[PDB]
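*Asks:* Have a look at this one before I ask anything.
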Amino acid sequence: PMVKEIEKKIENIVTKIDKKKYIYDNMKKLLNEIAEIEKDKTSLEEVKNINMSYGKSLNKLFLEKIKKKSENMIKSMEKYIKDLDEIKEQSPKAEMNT
């Protein structure tokens with residue numbers, strides 16, 4: 001204990017300098033969620049692109065490209081009439097919240 005005061009130093013270099021590792025040991029699991037974050041974000045933003053061309057852009061272009069009108073009817077118009085799913089989502093939210 002006298003010279004073996006270097007045992008409290010060992011005690012320190014132990015637990016104290018051991019729990020030093022169990023910090024960066026969570027810094028990895030962090031750099032996983034952090035990693036996953038953008039890793040999906042961008043991947044999807046890529047399939048949010050294909051829409052803008054195939055929708056909005058290909059819309060105006062096709063809505064200039066021109067029975068045939070019947071297709072133009074069931075087109076963008078019934079494509080908006082799809083969004084009845086929001087009402088098929090609203091009252092549901094307004095359900096499990098009373």
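Note on naming: chains are A, B, ... as they come in the structure tokens, residues start from 1 per chain, ligands start from 1 in the order shown.
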Which residues of segment 13-41 of chain A come within 12 Å of segment 1-9 of chain A, and what is each one's closest atom pair and distance in Å (one decimal), counting only C-alpha atoms, sorted by chain and residue number, as a tab-separated table?
*Replies:*
residue	atom	partner	partner_atom	distance
A:13	CA	A:9	CA	5.9
A:14	CA	A:9	CA	8.2
A:15	CA	A:9	CA	10.5
A:16	CA	A:9	CA	9.7
A:17	CA	A:9	CA	10.1
*Asks:* So that I can check the secondary structure, give me every residue of segment 40-84 of chain A assigned alpha helix (DSSP H) by backbone DSSP, as a ChimeraX atom specification.
*Replies:* /A:40-45,49-52,58-65,68-74,76-80
*Asks:* Can I get the selection written as a short mmCIF file (atom, residue, chain, number, x, y, z; two decimals), in the first residue's frame, with N, CA, C and O atoms?
*Replies:*
data_model
loop_
_atom_site.label_atom_id
_atom_site.label_comp_id
_atom_site.auth_asym_id
_atom_site.auth_seq_id
_atom_site.Cartn_x
_atom_site.Cartn_y
_atom_site.Cartn_z
N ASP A 40 -30.54 5.91 -45.80
CA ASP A 40 -31.87 5.76 -46.37
C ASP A 40 -32.25 7.07 -47.05
O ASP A 40 -32.54 7.09 -48.24
N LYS A 41 -32.22 8.16 -46.28
CA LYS A 41 -32.58 9.49 -46.76
C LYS A 41 -32.30 9.65 -48.25
O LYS A 41 -33.24 9.78 -49.03
N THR A 42 -31.03 9.61 -48.63
CA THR A 42 -30.63 9.81 -50.02
C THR A 42 -31.14 8.72 -50.96
O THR A 42 -31.65 9.01 -52.04
N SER A 43 -31.01 7.47 -50.53
CA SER A 43 -31.49 6.33 -51.31
C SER A 43 -32.92 6.54 -51.78
O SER A 43 -33.24 6.29 -52.94
N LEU A 44 -33.78 7.01 -50.88
CA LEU A 44 -35.16 7.29 -51.22
C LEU A 44 -35.31 8.57 -52.04
O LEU A 44 -36.03 8.57 -53.04
N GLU A 45 -34.62 9.64 -51.65
CA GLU A 45 -34.69 10.89 -52.41
C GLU A 45 -34.47 10.62 -53.89
O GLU A 45 -34.99 11.34 -54.74
N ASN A 49 -37.12 11.42 -57.19
CA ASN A 49 -36.74 12.08 -58.42
C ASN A 49 -37.57 11.53 -59.57
O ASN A 49 -38.35 12.26 -60.17
N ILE A 50 -37.42 10.23 -59.83
CA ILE A 50 -38.14 9.55 -60.90
C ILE A 50 -39.60 9.98 -61.03
O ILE A 50 -40.17 9.99 -62.12
N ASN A 51 -40.20 10.34 -59.90
CA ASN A 51 -41.55 10.85 -59.88
C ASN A 51 -41.66 12.19 -60.61
O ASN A 51 -42.42 12.30 -61.57
N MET A 52 -40.89 13.18 -60.17
CA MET A 52 -40.92 14.54 -60.73
C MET A 52 -40.88 14.57 -62.27
O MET A 52 -41.65 15.30 -62.91
N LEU A 58 -43.64 14.86 -67.07
CA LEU A 58 -44.35 14.05 -68.05
C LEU A 58 -45.85 14.36 -68.09
O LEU A 58 -46.53 14.02 -69.07
N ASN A 59 -46.35 15.02 -67.05
CA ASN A 59 -47.72 15.53 -67.04
C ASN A 59 -47.87 16.59 -68.11
O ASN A 59 -48.42 16.32 -69.17
N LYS A 60 -47.35 17.79 -67.84
CA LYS A 60 -47.44 18.92 -68.77
C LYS A 60 -47.15 18.52 -70.21
O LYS A 60 -47.90 18.87 -71.12
N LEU A 61 -46.08 17.75 -70.40
CA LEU A 61 -45.69 17.26 -71.72
C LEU A 61 -46.78 16.43 -72.38
O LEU A 61 -47.14 16.65 -73.53
N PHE A 62 -47.32 15.47 -71.63
CA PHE A 62 -48.42 14.63 -72.12
C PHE A 62 -49.74 15.41 -72.20
O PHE A 62 -50.56 15.17 -73.08
N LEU A 63 -49.92 16.35 -71.27
CA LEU A 63 -51.07 17.24 -71.29
C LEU A 63 -50.89 18.33 -72.36
O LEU A 63 -51.64 19.31 -72.42
N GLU A 64 -49.87 18.15 -73.19
CA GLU A 64 -49.73 18.95 -74.40
C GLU A 64 -49.74 18.01 -75.59
O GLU A 64 -50.18 18.37 -76.68
N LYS A 65 -49.28 16.78 -75.37
CA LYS A 65 -49.22 15.76 -76.41
C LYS A 65 -50.56 15.61 -77.12
O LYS A 65 -50.62 15.15 -78.26
N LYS A 68 -59.88 9.23 -76.91
CA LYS A 68 -58.55 9.61 -76.45
C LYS A 68 -58.68 10.50 -75.22
O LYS A 68 -57.88 10.41 -74.29
N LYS A 69 -59.72 11.34 -75.21
CA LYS A 69 -60.03 12.21 -74.08
C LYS A 69 -60.49 11.43 -72.86
O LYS A 69 -60.32 11.88 -71.72
N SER A 70 -61.08 10.25 -73.09
CA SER A 70 -61.51 9.37 -72.01
C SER A 70 -60.33 8.95 -71.14
O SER A 70 -60.46 8.84 -69.92
N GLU A 71 -59.18 8.74 -71.78
CA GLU A 71 -57.95 8.41 -71.07
C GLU A 71 -57.45 9.62 -70.29
O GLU A 71 -56.98 9.49 -69.17
N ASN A 72 -57.56 10.80 -70.91
CA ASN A 72 -57.21 12.06 -70.27
C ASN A 72 -58.10 12.36 -69.07
O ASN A 72 -57.69 13.04 -68.13
N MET A 73 -59.33 11.85 -69.13
CA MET A 73 -60.27 11.96 -68.02
C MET A 73 -59.82 11.07 -66.87
O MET A 73 -59.47 11.57 -65.80
N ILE A 74 -59.81 9.76 -67.10
CA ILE A 74 -59.39 8.80 -66.08
C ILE A 74 -57.93 9.02 -65.65
O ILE A 74 -57.46 8.37 -64.71
N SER A 76 -55.09 12.17 -64.84
CA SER A 76 -54.76 13.01 -63.70
C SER A 76 -55.93 13.24 -62.75
O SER A 76 -55.72 13.49 -61.56
N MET A 77 -57.14 13.14 -63.28
CA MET A 77 -58.35 13.40 -62.50
C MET A 77 -58.67 12.26 -61.53
O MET A 77 -58.87 12.50 -60.33
N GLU A 78 -58.70 11.03 -62.03
CA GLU A 78 -58.89 9.89 -61.16
C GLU A 78 -57.62 9.61 -60.35
O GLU A 78 -57.68 8.92 -59.33
N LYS A 79 -56.49 10.16 -60.81
CA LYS A 79 -55.21 10.06 -60.09
C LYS A 79 -55.19 10.92 -58.81
O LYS A 79 -54.43 10.63 -57.88
N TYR A 80 -56.02 11.96 -58.78
CA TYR A 80 -56.22 12.78 -57.59
C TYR A 80 -57.31 12.17 -56.71
O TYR A 80 -57.22 12.20 -55.48
#
